[PDB]
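> The structure is given below, and queries will be raised subsequently.
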Amino acid sequence: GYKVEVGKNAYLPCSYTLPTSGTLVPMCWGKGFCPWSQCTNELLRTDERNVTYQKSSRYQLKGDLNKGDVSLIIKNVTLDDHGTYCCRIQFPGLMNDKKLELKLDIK
């Protein structure tokens, strides 16, 4: 698990292999273990082309999304932001979904 210190910025890597004609797949960042469909506690989320749910402000995708970089970044972390996180790549269909549980431990 990653160790950020209180007040600092958290960084959680998460990317997917982008096909030839940049076709973006919807994804979802959700605090807490990955469930079974959708993100349990949504922090940020993509459509195609950019966000659809975005209490975004602290939370951002500091990498470029149109190349498969949907890495999350969290500004000024308290102890609240510690726990499990989830970048879910939602592929067209059911039972695809590249689930990724990242752990964050504040210090």
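So you can find residues: chains in the structure tokens are A, B, ... in the order shown, residues in each start at 1, and ligands are numbered from 1 in order.
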I need the helix (DSSP H, G or I) residues of chain A per DSSP on the backbone, written as a list in words.

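Written out, the helix (DSSP H, G or I) residues of chain A are residues 65, 66, 67, 79, 80 and 81 of chain A.
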
> The selected residues should be written to file as a compact mmCIF listing (two decimals), in the first residue's frame (atoms: N, CA, C and O atoms).


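Once everything was written out, this is again-v7.txt:
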```txt
# COMPACT_ATOMS: atom_id res chain seq x y z
N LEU A 65 -6.28 11.26 -20.07
CA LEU A 65 -7.25 10.17 -20.16
C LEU A 65 -7.35 9.57 -21.56
O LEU A 65 -7.58 8.37 -21.71
N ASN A 66 -7.19 10.41 -22.58
CA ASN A 66 -7.36 9.97 -23.96
C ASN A 66 -6.26 9.04 -24.48
O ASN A 66 -6.18 8.76 -25.67
N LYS A 67 -5.42 8.56 -23.57
CA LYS A 67 -4.38 7.60 -23.91
C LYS A 67 -4.41 6.39 -22.99
O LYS A 67 -3.53 5.53 -23.03
N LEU A 79 -6.61 11.58 7.31
CA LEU A 79 -6.66 10.15 7.60
C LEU A 79 -7.94 9.53 7.04
O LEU A 79 -8.02 8.31 6.87
N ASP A 80 -8.92 10.37 6.75
CA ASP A 80 -10.17 9.91 6.15
C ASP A 80 -9.95 9.22 4.80
O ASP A 80 -10.65 8.28 4.45
N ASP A 81 -8.96 9.69 4.05
CA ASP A 81 -8.74 9.21 2.69
C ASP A 81 -8.02 7.87 2.66
O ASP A 81 -7.74 7.33 1.59
```

> Give the strand (DSSP E) residues of chain A, as assigned by DSSP on the backbone, as a ChimeraX atom specification.

/A:2-4,10-12,27-30,42-46,51-54,59-61,72-74,83-89,101-106

> The selected residues should be written to file as a tab-separated table (two decimals), in the first residue's frame (atoms: N, CA and C atoms).


```
chain	number	residue	atom	x	y	z
A	2	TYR	N	0.32	2.31	-0.62
A	2	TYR	CA	1.03	3.59	-0.73
A	2	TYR	C	0.95	4.38	0.56
A	3	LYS	N	2.06	5.00	0.95
A	3	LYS	CA	2.08	5.88	2.12
A	3	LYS	C	2.19	7.35	1.74
A	4	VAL	N	1.08	8.06	1.83
A	4	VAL	CA	1.10	9.51	1.75
A	4	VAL	C	1.07	10.04	3.17
A	10	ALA	N	-2.18	12.33	-2.63
A	10	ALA	CA	-2.17	10.90	-2.93
A	10	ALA	C	-2.15	10.64	-4.43
A	11	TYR	N	-1.49	9.56	-4.83
A	11	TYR	CA	-1.41	9.18	-6.24
A	11	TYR	C	-1.62	7.68	-6.40
A	12	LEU	N	-2.64	7.31	-7.17
A	12	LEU	CA	-2.98	5.91	-7.38
A	12	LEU	C	-3.03	5.60	-8.87
A	27	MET	N	-14.84	4.39	-17.07
A	27	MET	CA	-14.22	3.85	-15.86
A	27	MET	C	-14.85	4.48	-14.63
A	28	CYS	N	-14.36	4.12	-13.45
A	28	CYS	CA	-14.91	4.64	-12.21
A	28	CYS	C	-13.95	4.50	-11.04
A	29	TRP	N	-13.68	5.61	-10.37
A	29	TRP	CA	-12.94	5.59	-9.11
A	29	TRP	C	-13.91	5.57	-7.94
A	30	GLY	N	-13.80	4.55	-7.10
A	30	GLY	CA	-14.69	4.41	-5.96
A	30	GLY	C	-13.98	3.93	-4.71
A	42	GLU	N	-18.39	6.44	-5.25
A	42	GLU	CA	-17.79	7.15	-6.38
A	42	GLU	C	-17.13	8.48	-6.02
A	43	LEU	N	-15.88	8.62	-6.45
A	43	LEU	CA	-15.12	9.85	-6.27
A	43	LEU	C	-15.04	10.61	-7.60
A	44	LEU	N	-14.86	9.85	-8.67
A	44	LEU	CA	-14.78	10.40	-10.02
A	44	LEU	C	-15.13	9.30	-11.00
A	45	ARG	N	-15.54	9.67	-12.20
A	45	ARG	CA	-16.05	8.71	-13.17
A	45	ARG	C	-16.00	9.23	-14.59
A	46	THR	N	-15.74	8.35	-15.55
A	46	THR	CA	-15.71	8.75	-16.95
A	46	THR	C	-16.93	8.27	-17.74
A	51	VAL	N	-15.43	13.36	-17.62
A	51	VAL	CA	-16.21	12.94	-16.46
A	51	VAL	C	-17.73	13.08	-16.58
A	52	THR	N	-18.44	12.27	-15.80
A	52	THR	CA	-19.90	12.32	-15.72
A	52	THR	C	-20.36	12.47	-14.27
A	53	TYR	N	-19.57	11.94	-13.34
A	53	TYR	CA	-19.75	12.25	-11.92
A	53	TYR	C	-18.43	12.72	-11.34
A	54	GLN	N	-18.48	13.89	-10.74
A	54	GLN	CA	-17.28	14.59	-10.37
A	54	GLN	C	-17.47	15.58	-9.23
A	59	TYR	N	-10.04	15.49	-6.00
A	59	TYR	CA	-9.81	14.35	-6.88
A	59	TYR	C	-9.62	14.78	-8.33
A	60	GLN	N	-8.60	14.23	-8.98
A	60	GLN	CA	-8.32	14.53	-10.38
A	60	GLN	C	-7.65	13.35	-11.07
A	61	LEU	N	-7.70	13.35	-12.40
A	61	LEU	CA	-6.90	12.44	-13.20
A	61	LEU	C	-5.71	13.20	-13.77
A	72	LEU	N	-5.63	8.26	-10.57
A	72	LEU	CA	-6.27	9.20	-9.65
A	72	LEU	C	-5.25	9.97	-8.82
A	73	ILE	N	-5.60	11.21	-8.48
A	73	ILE	CA	-4.77	12.04	-7.62
A	73	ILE	C	-5.67	12.75	-6.62
A	74	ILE	N	-5.24	12.79	-5.36
A	74	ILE	CA	-6.06	13.35	-4.29
A	74	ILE	C	-5.28	14.41	-3.53
A	83	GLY	N	-7.54	3.81	3.12
A	83	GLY	CA	-8.38	2.64	2.90
A	83	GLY	C	-8.15	2.01	1.54
A	84	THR	N	-9.14	1.25	1.08
A	84	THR	CA	-9.07	0.63	-0.24
A	84	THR	C	-9.72	1.53	-1.29
A	85	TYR	N	-9.19	1.48	-2.51
A	85	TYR	CA	-9.72	2.27	-3.61
A	85	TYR	C	-9.91	1.37	-4.83
A	86	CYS	N	-10.62	1.87	-5.83
A	86	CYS	CA	-11.01	1.02	-6.96
A	86	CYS	C	-11.14	1.77	-8.28
A	87	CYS	N	-10.21	1.49	-9.19
A	87	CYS	CA	-10.33	1.95	-10.56
A	87	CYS	C	-10.96	0.85	-11.39
A	88	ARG	N	-12.20	1.07	-11.83
A	88	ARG	CA	-12.93	0.07	-12.58
A	88	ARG	C	-13.05	0.44	-14.06
A	89	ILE	N	-12.36	-0.30	-14.92
A	89	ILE	CA	-12.50	-0.10	-16.36
A	89	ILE	C	-13.69	-0.88	-16.89
A	101	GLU	N	-8.03	-2.95	-7.12
A	101	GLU	CA	-8.11	-2.48	-5.74
A	101	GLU	C	-6.77	-1.95	-5.25
A	102	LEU	N	-6.67	-0.64	-5.13
A	102	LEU	CA	-5.46	-0.01	-4.62
A	102	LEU	C	-5.64	0.34	-3.16
A	103	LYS	N	-4.60	0.12	-2.36
A	103	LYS	CA	-4.68	0.44	-0.94
A	103	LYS	C	-3.91	1.72	-0.61
A	104	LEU	N	-4.50	2.55	0.25
A	104	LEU	CA	-3.86	3.79	0.66
A	104	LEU	C	-3.77	3.86	2.18
A	105	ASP	N	-2.58	4.16	2.67
A	105	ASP	CA	-2.34	4.27	4.11
A	105	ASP	C	-1.70	5.62	4.41
A	106	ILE	N	-2.47	6.49	5.05
A	106	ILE	CA	-1.99	7.81	5.41
A	106	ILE	C	-0.95	7.72	6.52
```

> Of the residues A:9, A:37, A:56, A:23, which is the one nearest to residue 96 in chain A, using only C-alpha atoms?

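When distances to residue 96 in chain A are compared using only C-alpha atoms, the smallest one comes from A:37.
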
> Please report the interatomic distance between CA of residue 62 in chain A and CA of residue 49 in chain A in Å with one decimal.

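Straight-line distance from CA of residue 62 in chain A to CA of residue 49 in chain A works out to 15.0 Å.
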
> So which one's closest to residue 20 in chain A, A:98, A:63, A:68, A:78? Using only C-alpha atoms, please.

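Looking at the shortest contact to residue 20 in chain A, the residue is A:68.
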
> Expressed in Å to a single decimal, how great is the separation between CA of residue 48 in chain A and CA of residue 76 in chain A?

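For CA of residue 48 in chain A relative to CA of residue 76 in chain A, the distance reads 28.2 Å.
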
> Measuring between only C-alpha atoms, which one of A:82, A:107, A:99, A:55 shows the shortest distance to residue 14 in chain A?

A:99

> What's the separation between CA of residue 95 in chain A and CA of residue 31 in chain A, in Å to one decimal place?

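Interatomic distance here is 20.7 Å.
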
> Given only C-alpha atoms as the basis, pick out the residue of A:50, A:1, A:58, A:8 nearest to residue 24 in chain A.

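Ranked by minimum distance to residue 24 in chain A, first place goes to A:50.
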